[PDB]
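Dumped final-v8.cif below, it's mmCIF, C-alpha atoms and all ligand atoms:
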```cif
data_my_file
loop_
_atom_site.label_atom_id
_atom_site.label_comp_id
_atom_site.auth_asym_id
_atom_site.auth_seq_id
_atom_site.Cartn_x
_atom_site.Cartn_y
_atom_site.Cartn_z
CA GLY A 2 26.03 -16.10 -6.28
CA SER A 3 22.44 -15.09 -7.11
CA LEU A 4 19.40 -17.17 -8.00
CA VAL A 5 16.73 -14.84 -6.51
CA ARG A 6 16.15 -13.89 -2.90
CA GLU A 7 14.90 -15.81 0.13
CA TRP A 8 11.71 -14.10 1.24
CA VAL A 9 13.08 -13.16 4.64
CA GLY A 10 10.18 -10.74 4.78
CA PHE A 11 7.71 -13.62 5.05
CA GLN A 12 9.28 -15.08 8.18
CA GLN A 13 8.65 -11.51 9.36
CA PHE A 14 4.86 -11.42 8.87
CA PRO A 15 2.72 -12.20 11.91
CA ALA A 16 1.63 -15.84 12.21
CA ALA A 17 -2.03 -15.39 11.22
CA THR A 18 -0.82 -13.53 8.15
CA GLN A 19 1.84 -16.12 7.40
CA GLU A 20 -0.53 -19.05 7.44
CA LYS A 21 -3.18 -17.05 5.64
CA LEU A 22 -0.68 -16.11 2.92
CA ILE A 23 0.50 -19.72 2.75
CA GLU A 24 -3.06 -20.65 1.79
CA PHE A 25 -3.56 -18.29 -1.14
CA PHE A 26 -0.20 -19.25 -2.61
CA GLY A 27 -0.85 -22.92 -1.94
CA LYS A 28 -3.68 -22.48 -4.44
CA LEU A 29 -1.48 -21.38 -7.35
CA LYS A 30 1.11 -24.10 -6.72
CA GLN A 31 -1.67 -26.69 -7.18
CA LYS A 32 -2.85 -24.92 -10.32
CA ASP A 33 0.75 -25.46 -11.54
CA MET A 34 1.82 -21.87 -10.73
CA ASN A 35 5.13 -21.52 -8.89
CA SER A 36 5.38 -17.80 -9.73
CA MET A 37 3.29 -14.61 -9.76
CA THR A 38 4.10 -11.31 -11.43
CA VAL A 39 2.30 -8.24 -10.11
CA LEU A 40 2.57 -4.81 -11.68
CA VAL A 41 1.89 -1.48 -9.97
CA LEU A 42 0.84 1.65 -11.89
CA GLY A 43 -0.50 5.06 -10.92
CA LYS A 44 0.25 8.71 -10.21
CA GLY A 45 3.25 9.81 -8.15
CA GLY A 46 3.25 9.69 -4.37
CA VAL A 47 0.10 7.55 -4.11
CA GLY A 48 1.94 4.80 -2.24
CA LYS A 49 3.14 2.23 -4.77
CA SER A 50 6.60 1.79 -3.27
CA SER A 51 5.21 1.84 0.26
CA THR A 52 2.73 -0.90 -0.54
CA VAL A 53 5.13 -3.18 -2.43
CA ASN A 54 7.58 -2.89 0.50
CA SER A 55 4.61 -3.92 2.59
CA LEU A 56 3.65 -7.09 0.71
CA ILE A 57 7.18 -8.44 0.28
CA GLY A 58 7.95 -7.69 3.89
CA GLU A 59 11.27 -5.92 3.48
CA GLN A 60 12.66 -2.52 2.43
CA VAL A 61 13.02 -3.53 -1.23
CA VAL A 62 11.62 -0.43 -2.99
CA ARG A 63 12.43 3.06 -1.72
CA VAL A 64 9.59 5.38 -0.69
CA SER A 65 9.68 9.22 -1.05
CA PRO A 66 7.68 12.42 -0.74
CA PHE A 67 9.31 13.72 -3.94
CA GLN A 68 8.58 10.95 -6.40
CA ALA A 69 9.27 13.25 -9.32
CA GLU A 70 12.42 11.35 -10.31
CA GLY A 71 12.66 7.51 -10.31
CA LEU A 72 12.42 6.89 -14.12
CA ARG A 73 13.12 3.17 -14.57
CA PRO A 74 10.94 0.26 -13.39
CA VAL A 75 12.53 -2.06 -10.83
CA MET A 76 11.41 -5.64 -10.34
CA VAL A 77 11.41 -7.24 -6.95
CA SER A 78 11.65 -10.99 -6.81
CA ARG A 79 11.54 -13.08 -3.66
CA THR A 80 10.99 -16.84 -3.47
CA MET A 81 10.40 -19.68 -1.02
CA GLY A 82 8.89 -23.15 -0.84
CA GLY A 83 9.29 -23.36 -4.59
CA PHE A 84 7.02 -20.38 -5.05
CA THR A 85 8.23 -17.11 -6.54
CA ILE A 86 6.45 -13.79 -6.29
CA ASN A 87 7.65 -10.73 -8.16
CA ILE A 88 6.27 -7.19 -8.18
CA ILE A 89 7.23 -4.54 -10.66
CA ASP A 90 7.31 -1.13 -9.07
CA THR A 91 6.65 1.31 -11.83
CA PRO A 92 7.52 5.02 -11.60
CA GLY A 93 4.83 7.68 -11.33
CA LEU A 94 2.95 8.30 -14.59
CA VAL A 95 2.12 11.98 -14.14
CA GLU A 96 5.06 14.19 -14.97
CA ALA A 97 4.51 17.82 -13.99
CA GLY A 98 0.91 18.75 -14.84
CA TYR A 99 0.54 15.89 -17.29
CA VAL A 100 0.83 12.21 -18.05
CA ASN A 101 4.41 11.14 -18.69
CA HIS A 102 4.49 9.06 -21.89
CA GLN A 103 8.29 8.85 -21.89
CA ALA A 104 8.13 6.60 -18.84
CA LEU A 105 4.84 4.97 -19.71
CA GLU A 106 6.49 3.15 -22.61
CA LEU A 107 9.68 2.84 -20.53
CA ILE A 108 7.42 0.55 -18.54
CA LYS A 109 5.91 -1.05 -21.66
CA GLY A 110 9.53 -1.82 -22.46
CA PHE A 111 10.63 -3.19 -19.09
CA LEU A 112 8.12 -5.92 -19.83
CA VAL A 113 8.74 -7.11 -23.41
CA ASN A 114 9.17 -10.89 -23.01
CA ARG A 115 7.15 -10.97 -19.79
CA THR A 116 3.77 -12.09 -18.56
CA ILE A 117 1.65 -10.07 -16.11
CA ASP A 118 -0.89 -11.71 -13.83
CA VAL A 119 -2.22 -8.90 -11.70
CA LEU A 120 -2.02 -5.16 -12.16
CA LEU A 121 -2.48 -2.91 -9.18
CA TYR A 122 -3.76 0.57 -9.78
CA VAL A 123 -3.09 2.83 -6.84
CA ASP A 124 -4.40 6.25 -5.82
CA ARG A 125 -4.97 7.75 -2.41
CA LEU A 126 -7.96 7.34 -0.15
CA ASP A 127 -7.40 10.60 1.66
CA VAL A 128 -8.23 12.44 -1.58
CA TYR A 129 -11.69 13.90 -2.30
CA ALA A 130 -10.60 14.69 -5.85
CA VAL A 131 -12.43 14.74 -9.19
CA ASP A 132 -8.89 14.41 -10.51
CA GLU A 133 -9.41 14.18 -14.33
CA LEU A 134 -5.73 14.66 -15.12
CA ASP A 135 -6.81 11.29 -13.63
CA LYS A 136 -9.12 10.61 -16.57
CA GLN A 137 -5.98 11.09 -18.59
CA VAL A 138 -4.03 8.45 -16.73
CA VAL A 139 -6.85 5.93 -17.21
CA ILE A 140 -6.62 6.58 -20.94
CA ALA A 141 -2.89 6.25 -21.42
CA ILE A 142 -3.11 2.95 -19.58
CA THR A 143 -5.62 1.49 -22.00
CA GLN A 144 -3.57 3.07 -24.78
CA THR A 145 -0.43 1.08 -24.02
CA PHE A 146 -2.03 -2.05 -22.65
CA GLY A 147 -5.72 -2.38 -23.43
CA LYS A 148 -8.66 -4.75 -23.15
CA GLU A 149 -7.16 -7.33 -20.81
CA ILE A 150 -5.66 -4.81 -18.44
CA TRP A 151 -8.80 -3.85 -16.49
CA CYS A 152 -10.15 -7.39 -16.18
CA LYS A 153 -6.84 -8.38 -14.62
CA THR A 154 -6.78 -5.11 -12.70
CA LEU A 155 -7.51 -4.14 -9.07
CA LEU A 156 -8.02 -0.76 -7.40
CA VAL A 157 -5.99 -0.06 -4.32
CA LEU A 158 -6.52 2.99 -2.15
CA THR A 159 -3.81 3.78 0.35
CA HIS A 160 -3.91 5.74 3.57
CA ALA A 161 -6.79 3.41 4.23
CA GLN A 162 -6.74 4.74 7.78
CA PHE A 163 -7.82 8.26 6.88
CA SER A 164 -10.29 9.61 9.41
CA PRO A 165 -12.57 11.83 7.28
CA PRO A 166 -12.53 15.14 9.29
CA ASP A 167 -15.51 17.22 10.40
CA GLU A 168 -17.94 14.87 8.56
CA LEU A 169 -18.46 11.11 9.09
CA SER A 170 -18.94 7.42 8.36
CA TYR A 171 -15.65 6.32 6.77
CA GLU A 172 -17.80 3.78 4.93
CA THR A 173 -19.93 6.54 3.32
CA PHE A 174 -16.70 8.36 2.55
CA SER A 175 -14.68 5.35 1.25
CA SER A 176 -17.21 4.30 -1.39
CA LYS A 177 -17.75 7.72 -2.94
CA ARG A 178 -13.98 7.76 -3.27
CA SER A 179 -14.00 4.24 -4.70
CA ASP A 180 -17.05 4.70 -6.93
CA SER A 181 -15.81 7.82 -8.68
CA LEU A 182 -12.40 6.26 -9.17
CA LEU A 183 -14.08 3.15 -10.60
CA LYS A 184 -16.39 5.46 -12.53
CA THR A 185 -13.41 7.31 -14.04
CA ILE A 186 -12.01 3.96 -15.20
CA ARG A 187 -15.27 2.63 -16.56
CA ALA A 188 -15.68 5.90 -18.41
CA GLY A 189 -12.07 6.97 -19.03
CA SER A 190 -10.94 3.74 -20.67
CA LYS A 191 -13.90 4.11 -23.09
CA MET A 192 -14.37 0.37 -23.78
CA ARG A 193 -15.85 -0.63 -20.41
CA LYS A 194 -18.78 1.68 -19.60
CA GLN A 195 -21.65 -0.83 -20.07
CA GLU A 196 -19.63 -4.07 -19.97
CA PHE A 197 -17.88 -2.91 -16.84
CA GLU A 198 -20.83 -4.34 -14.89
CA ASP A 199 -20.25 -7.67 -16.68
CA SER A 200 -16.96 -8.61 -14.70
CA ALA A 201 -16.44 -5.80 -12.03
CA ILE A 202 -12.93 -4.63 -10.97
CA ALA A 203 -13.17 -4.45 -7.06
CA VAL A 204 -11.12 -2.50 -4.56
CA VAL A 205 -8.66 -3.19 -1.76
CA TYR A 206 -7.68 -0.72 0.97
CA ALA A 207 -4.17 -0.30 2.38
CA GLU A 208 -2.43 1.51 5.23
CA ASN A 209 1.35 1.35 4.78
CA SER A 210 2.18 3.76 7.63
CA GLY A 211 3.79 2.42 10.77
CA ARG A 212 0.93 3.82 12.84
CA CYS A 213 -1.73 1.50 11.40
CA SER A 214 -2.10 -0.36 14.70
CA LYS A 215 -3.16 -4.00 15.05
CA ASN A 216 -5.85 -6.53 15.89
CA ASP A 217 -6.16 -9.79 17.88
CA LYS A 218 -3.20 -11.49 16.16
CA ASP A 219 -0.93 -8.46 15.72
CA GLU A 220 -1.49 -7.97 11.98
CA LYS A 221 -1.90 -4.55 10.30
CA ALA A 222 -5.66 -3.98 10.25
CA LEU A 223 -7.96 -1.33 8.82
CA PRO A 224 -10.63 0.67 10.65
CA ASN A 225 -12.99 -1.78 9.04
CA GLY A 226 -11.28 -4.34 11.27
CA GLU A 227 -9.63 -7.00 9.08
CA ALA A 228 -6.03 -7.43 7.97
CA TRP A 229 -5.32 -5.57 4.70
CA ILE A 230 -2.11 -7.37 3.68
CA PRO A 231 -3.66 -10.83 4.10
CA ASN A 232 -6.90 -10.07 2.26
CA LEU A 233 -5.02 -7.93 -0.29
CA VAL A 234 -3.07 -10.95 -1.54
CA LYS A 235 -6.34 -12.84 -1.47
CA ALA A 236 -7.45 -10.40 -4.17
CA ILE A 237 -4.17 -10.54 -6.14
CA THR A 238 -4.59 -14.31 -5.88
CA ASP A 239 -8.21 -14.59 -7.07
CA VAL A 240 -7.31 -12.35 -10.01
CA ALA A 241 -4.15 -14.37 -10.73
CA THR A 242 -6.27 -17.48 -10.71
CA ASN A 243 -9.27 -16.37 -12.84
CA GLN A 244 -8.36 -17.48 -16.35
CA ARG A 245 -8.65 -14.31 -18.39
CA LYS A 246 -5.92 -13.79 -21.14
CA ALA A 247 -3.31 -11.74 -19.08
CA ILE A 248 -1.57 -8.52 -20.29
CA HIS A 249 -1.07 -9.84 -23.82
CA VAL A 250 -0.28 -9.43 -27.55
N1 LIG B 301 1.00 4.40 0.39
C1 LIG B 301 0.96 5.01 1.56
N2 LIG B 301 1.81 6.04 1.82
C2 LIG B 301 1.64 6.55 3.07
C3 LIG B 301 0.71 6.14 4.06
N3 LIG B 301 0.82 6.91 5.21
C4 LIG B 301 1.77 7.69 4.85
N4 LIG B 301 2.33 7.60 3.62
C5 LIG B 301 3.44 8.42 3.04
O1 LIG B 301 3.28 8.69 1.61
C6 LIG B 301 4.50 8.34 0.91
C7 LIG B 301 4.29 7.32 -0.22
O2 LIG B 301 5.50 7.16 -0.97
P1 LIG B 301 5.64 6.11 -2.19
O3 LIG B 301 4.83 4.92 -1.84
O4 LIG B 301 7.09 5.95 -2.44
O5 LIG B 301 4.98 6.80 -3.48
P2 LIG B 301 5.12 6.10 -4.94
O6 LIG B 301 5.87 7.04 -5.77
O7 LIG B 301 3.75 5.89 -5.44
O8 LIG B 301 5.81 4.83 -4.72
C8 LIG B 301 5.49 7.78 1.94
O9 LIG B 301 6.71 8.53 1.94
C9 LIG B 301 4.81 7.82 3.29
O10 LIG B 301 5.56 8.57 4.26
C10 LIG B 301 -0.18 5.06 3.76
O11 LIG B 301 -1.04 4.57 4.48
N5 LIG B 301 0.02 4.55 2.48
MG MG B 302 7.76 4.57 -6.42
#
```
Please go through the file and, once you have read it, give me the structure as structure tokens.
Amino acid sequence: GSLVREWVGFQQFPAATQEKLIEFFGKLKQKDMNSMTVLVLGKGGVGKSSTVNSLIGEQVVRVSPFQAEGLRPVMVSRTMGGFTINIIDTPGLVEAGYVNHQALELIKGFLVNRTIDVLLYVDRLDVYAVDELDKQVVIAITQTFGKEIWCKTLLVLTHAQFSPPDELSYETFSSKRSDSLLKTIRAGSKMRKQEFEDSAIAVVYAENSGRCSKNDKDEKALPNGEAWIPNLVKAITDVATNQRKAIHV
């Protein structure tokens, strides 16, 4: 009785987002790609589940303030028009004051005979933190995966609609928060520091909350003004298309 699931969530996205999303995917189909596997890593409570639930369009993955449990990666697979998109929602990687290696390989296991196209690294925008337990996370990642991971990676900051209190210019605030994070990755995963500049990772901002508010065509927009879901897949898409090796060997 099961083959996969009909992306009922898509029919749910506003028109401008539907037709925009139909474009990006149309690209892969033509490049002989009728599937896309996205992974999602990061610390707990950053907004992995919230975001995935956002992209697919339904309540697939469960969100939670206390994301101290979980402990087993779930894959979400929806299809339509002959195209299949799947996201792997990985459990938090920080387990009480430190990286959780138990689960980190539990992830490395979930994907043994698989192929990854895009990896999403999430953290929160509303954080001003010089997080270095952070620097740890960035290491463990390169430890399990490695060289290919960051080239096929993307940085997502959630709570993209965080009004920086008492001091301004969300743009002056956003970058410092993006830069450092990028900086921690260029530096943390030792390989990249000079070469980092060679390819560049890039960032995408997201606002999963139901209070995000809209725009002309009723699609979740950022303060910046554009739709984050639509342009977010654009990114997952460009990365899925650029022919680097993929999480391999
Ligand atoms: N990602 C995200 N979470 C938000 C946002 N606004 C509020 N939240 C809250 O932060 C929590 C994130 O939970 P979840 O995504 O499950 O964390 P995960 O463990 O990384 O998957 C939710 O319970 C939301 O109530 C937002 O813009 N983005
Ligand atoms: Mg989760």
key: Nearby residues, ligand MG 302 (chain B), 9 Å, all atoms listed in the file, as a list in words   =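 My answer, listing the contacting residues, is residues 45, 46, 47, 48, 49, 50, 51, 62, 63, 64, 65, 68, 71, 74, 90, 91, 92 and 93 of chain A.
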query = Near residue 95 (chain A), within 10 Å and counting all atoms listed in the file, which residues show up once chain neighbours fewer than 6 positions away are dropped, as a PyMOL selection string?
reply = chain A and resi 43-45+69+101-102+104-105+134-135+137-138
key: Distance of CA of residue 155 (chain A) from CA of residue 121 (chain A), expressed in Å to one decimal place   = 5.2 Å
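Closest approach to ligand LIG 301 (chain B) among A:231, A:66, A:98, A:224: A:66, based on only C-alpha atoms and all ligand atoms.
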Between CA of residue 167 (chain A) and CA of residue 216 (chain A), distance in Å (one decimal) =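 Separation between CA of residue 167 (chain A) and CA of residue 216 (chain A): 26.2 Å.
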